């Protein structure tokens, strides 16, 4: 009967999204939940046209008809082969500057902007421009190729959900080597169904010891 539609970006499935959806589901055994993989652009259009009710994404939205909230900044990490000299630093962590001359694997090859433009922006923003750059189709290809000895990759920290033989994840010491997670809704959105979804996020975050996201409708208050 009652339907809630949620747009999301693929990479978030490695993060807290599934847990959040599943807990949410329990709060509303009545509710039909439709999930759609879509980019930030498609999310913006859908939200405005009423085709989704909340969008989870990694890019900022330039549209007054949409209210967007930063949930958390996810740390970036470097995926490396176990035998890479950089892995000698797994416990300590490394700096973006240490990577400029490495063969770097970007992904995905979907339309842009995407995570590959994000990574390049992170570098750019730190005054860095890697030349040994190779764009690969999807996350599992980047990781597989890294494990194969083809180079290194920058990944969100939750990518550690994937463990491959001889694949290692090195922390980045740069404060701003991050990838943001946003919720986006219709500017005038007031529904308790969305409130509940947002409260579920707050609950999970508290369990995990993350900074709690802003209070519901703080542009109102």
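Heads up, when I say rigid core I mean the largest set of C-alphas that superpose within 1.5 Å between the two forms. Positions refer to the first chain, counted from 1.
- Averaged as a root mean square over residues and superposed structures in 5 other deposited structures of this protein, CA distances to the shown form are larger in 132-140; the pair compared was 132-140 and 96-104 with a core fit.
- Relative to the displayed structure, the C-alphas of 55-63 lie farther away on average in 5 other deposited structures of this protein than those of the other candidate, with 150-158 and 55-63 compared after rigid core superposition.
- Between 58-66 and 165-173, the higher mean Cα B-factor belongs to 58-66.
- When the mean C-alpha temperature factors of 116-124 and 91-99 are read from the deposited coordinates, 91-99 comes out higher.
- In the PDB entry, a CA B factor belonging to the middle third of its chain's modelled residues is recorded for residue 49.
- Per the deposited record, the Cα B-factor of residue 38 falls in the highest third when ranked against the other modelled residues of its chain.
- Annotation for residue 153: CA B-factor lies in the lowest third of the chain's modelled residues.
- Ranked by Cα temperature factor within the chain, residue 159 sits in the lowest third according to the deposited record.
- Among the modelled residues of its chain, residue 132 has a C-alpha B-factor that falls in the highest third according to the deposited record.
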